[PDB]
Amino acid sequence: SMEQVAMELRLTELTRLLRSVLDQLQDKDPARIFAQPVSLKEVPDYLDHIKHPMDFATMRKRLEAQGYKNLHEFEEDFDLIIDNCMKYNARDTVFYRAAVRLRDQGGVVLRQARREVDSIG
């Protein structure tokens, strides 16, 4: 149908907007602390602590599979990265501090993407 196509065009454009958002968020992690999944070889007990692991490479796989239907779903995954880190790591660590900074700095980017998604529909 012509409707399924128009829908596929919007999803593709949302995917394009979310790709730019992802790149902006990831620039706010220059140390690449959140770039890849926490290693289960190096933190064998991680899943006893954190039930829904997340990271930027895993979000990127989902993104490129057009697996995000809206900004809310994307934000949920970004919040997991931050929230997982702030539970697993203590306050006085480079990792916890890096999540606080990513959270504060990403908020500006997410604030405008919400307006752009509402705006362009």
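- Per the deposited record, X-ray crystallography is how this structure was determined, to a resolution of 1.9300 Å.

1. Overview of the packing of aromatic side chains
Inference 1: Scanning the entire structure with this criterion turns up two aromatic pairs.
Inference 2: An angle of 70° between the planes, with centres 5.1 Å apart, marks the rings of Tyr46 and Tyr88 as edge-to-face. With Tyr46 in helix α2 (residues 46–49) and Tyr88 in helix α4 (residues 71–88), the pair connects residues that are 42 residues apart, well separated along the chain.
Inference 3: Owing to a relative accessible area of 31%, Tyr88 belongs among the partly exposed residues under this scheme.
Inference 4: Taking 5.4 Å as the distance between ring centres and 75° as the angle between the ring planes, the aromatic pair formed by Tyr68 and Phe74 counts as edge-to-face. In this pair, the class of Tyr68 matches that of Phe74, namely buried.

2. Re the nonpolar core
Inference 1: Counting residues in each nonpolar core, the largest one holds 24 residues, and the members touching the most others are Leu25, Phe34, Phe56, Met59, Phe74 and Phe78.
Inference 2: Secondary-structure elements contributing two or more residues to this core are α1 (2–27), α3 (56–64), α4 and α5 (94–120).
Inference 3: Broken down by element, the residue count for this core peaks at seven residues, all from α5.
Inference 4: Those residues in contact with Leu25 that lie beyond four places of it in its chain are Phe56, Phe74, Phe78, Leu102, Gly106, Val109 and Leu110.

3. Description of the pattern of salt bridges
Inference 1: In total, this model carries six salt bridges according to the counting rule given.
Inference 2: Of the charged contacts, one joins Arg19 and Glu64 as a salt bridge, the two residues approaching to 2.7 Å between their closest N and O atoms. Highlighted residues: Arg19 in helix α1 and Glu64 in helix α3, separated in sequence by 45 residues.
Inference 3: Note on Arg19: relative accessible area 31%, which makes it partly exposed.
Inference 4: In this structure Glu64 comes out as partly exposed when scored by relative accessible area, which is 43%.
Inference 5: A salt bridge links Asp118 to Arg114; the nearest nitrogen and oxygen atoms lie 3.0 Å apart. Separated by four residues within a single helix, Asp118 and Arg114 lie in helix α5, roughly one turn from each other.
Inference 6: On the basis of relative accessibility, which here comes to 33%, the residue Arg114 falls in the partly exposed class.

4. Quick notes on the packing of α3 against α4
Inference 1: Remark: α3 packs on α4, axes separated minimally by 10 Å, with the N-to-C direction vectors making an angle of 165°. Classed by the angle they form, the pair α3 and α4 counts as roughly antiparallel. Note that α3 runs across α4; the crossing there is right-handed. Residues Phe56, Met59 and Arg62 of α3 lie in contact with α4, whose contacting residues are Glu73, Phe74, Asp77, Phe78 and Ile81.
Inference 2: Partitioning the contact of α3 with α4 into residue classes produces five nonpolar, no polar and three charged.

5. Here we look at the environment of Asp23
Inference 1: With respect to the element layout, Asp23 can be found in helix α1.
Inference 2: Measuring from C-alpha to C-alpha, the distance between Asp23 and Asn70 comes to 17 Å, with 47 residues separating the pair along the chain.

Reading the values: the criteria
- All residue numbers start from 1 on each chain and follow the order of its written sequence rather than the entry's numbering, and residues without coordinates are excluded.
- Side-chain metrics in this entry use all non-hydrogen atoms of the structure; hydrogen atoms and water are not considered.
- Residues with missing side-chain atoms are left out of burial classes, side-chain pairs and their counts.
- Between rings of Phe, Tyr and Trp, where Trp is taken as its six-membered ring, a pair exists when centres lie within 6.5 Å; planes separated by under 30 degrees are stacked, by over 60 edge-to-face, and by other angles tilted.
- Where helices and strands are cited, they refer to DSSP runs of H or I of at least four residues and of E of at least two residues respectively, numbered from the N terminus.
- For the exposure calls, accessible area comes from a 1.4 Å probe over protein chains only, and a residue counts as buried if that area is under 20% of its type's maximum, exposed if over 50%, partly exposed in between.
- To form a nonpolar core, buried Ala, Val, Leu, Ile, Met, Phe, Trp, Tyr and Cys residues must be joined to one another through side-chain atoms within 4.5 Å.
- Contacts: residue pairs with any heavy atoms within 4.5 Å of one another.
- Definition used for salt bridges: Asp or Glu carboxyl oxygen within 4 Å of a side-chain nitrogen of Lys or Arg.
- Axes here refer to lines fitted to C-alpha atoms; in helices the fit is confined to the stretch in contact. Angles between the N-to-C directions go from 0 to 180 degrees.
- Angles below 35 degrees are treated as roughly parallel, those above 145 as roughly antiparallel, those between 65 and 115 as roughly perpendicular, and all remaining angles as oblique.
- For a crossing to be left-handed, the near helix must be turned anticlockwise from the far one by less than a right angle; the clockwise case is right-handed.
- Residues are grouped as follows: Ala, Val, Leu, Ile, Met, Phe, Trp, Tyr, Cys and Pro are nonpolar; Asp, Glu, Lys and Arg are charged; all remaining types, including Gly, are polar.

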